[PDB]
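Protein chains: 2
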Amino acid sequence: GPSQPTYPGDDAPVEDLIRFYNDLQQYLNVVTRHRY
Amino acid sequence: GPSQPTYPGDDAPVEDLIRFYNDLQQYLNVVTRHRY
Ligand SMILES: [Zn+2]
Ligand SMILES: [Zn+2]
Numbered sequence: 001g002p003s004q005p006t007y008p009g010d011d012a013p014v015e016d017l018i019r020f021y022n023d024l025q026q027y028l029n030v031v032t033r034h035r036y
Numbered sequence: 001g002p003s004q005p006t007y008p009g010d011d012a013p014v015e016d017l018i019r020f021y022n023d024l025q026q027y028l029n030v031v032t033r034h035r036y
């Protein structure tokens with residue numbers, strides 16, 4: 001599956017936290033075998 | 001709004017990454033003024 005996303009840091013702009021959130025969602029969906 | 005969640009670390013168990021994901025979602029919804 002996808003490799004584990006890198007956390008962009010506490011001080012990242014909101015746009016980058018949103019990007020990380022989306023990548024983390026995808027990662028967790030694959031790890032849990034639930035790609036919906 | 002809620003304070004910014006603390007990242008639990010790359011090596012956290014999946015359950016804790018899910019918990020962080022949910023807390024981050026709530027945080028981002030409030031920051032973007034879109035609590036749906
Ligand atoms: Zn892979
Ligand atoms: Zn507050």
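Those protein sequence lines, which keep their order, are chains A and A'. A prime marks a further copy of an entry chain. Using the entry's author numbering, you'd call the opening residue of the first sequence number 1 and step up by one each time. Using the entry's author numbering, you'd call the opening residue of the second sequence number 1 and step up by one each time. Heads up, the beta-carbon is just placed ideally off N, CA and C, and yes, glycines get one too.
Quick one: grab the DSSP three-state call for residue i.
i, result
"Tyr27/A'", "helix"
"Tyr7/A", "coil"
"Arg19/A", "helix"
Quick one: what's got a C-beta closer than 7 Å to residue i's C-beta in the same chain, skipping five residues either side?
i, result
"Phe20/A'", "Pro5, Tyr7 and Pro8"
"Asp23/A", "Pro5"
"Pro2/A'", "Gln26, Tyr27 and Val30"
Would you kindly work out how many angstroms separate the C-alpha atoms of residue i and residue j, rounded to a whole number?
i, j, result
"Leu17/A'", "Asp10/A", "16 Å"
"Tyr36/A'", "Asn29/A'", "7 Å"
"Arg33/A'", "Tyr27/A", "26 Å"
"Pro13/A", "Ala12/A'", "24 Å"
Just to confirm my understanding: we take residue i, look at its own chain, exclude 5 residues before and 5 after, and list those with CB closer than 6 Å. What are they?
i, result
"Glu15/A'", "none"
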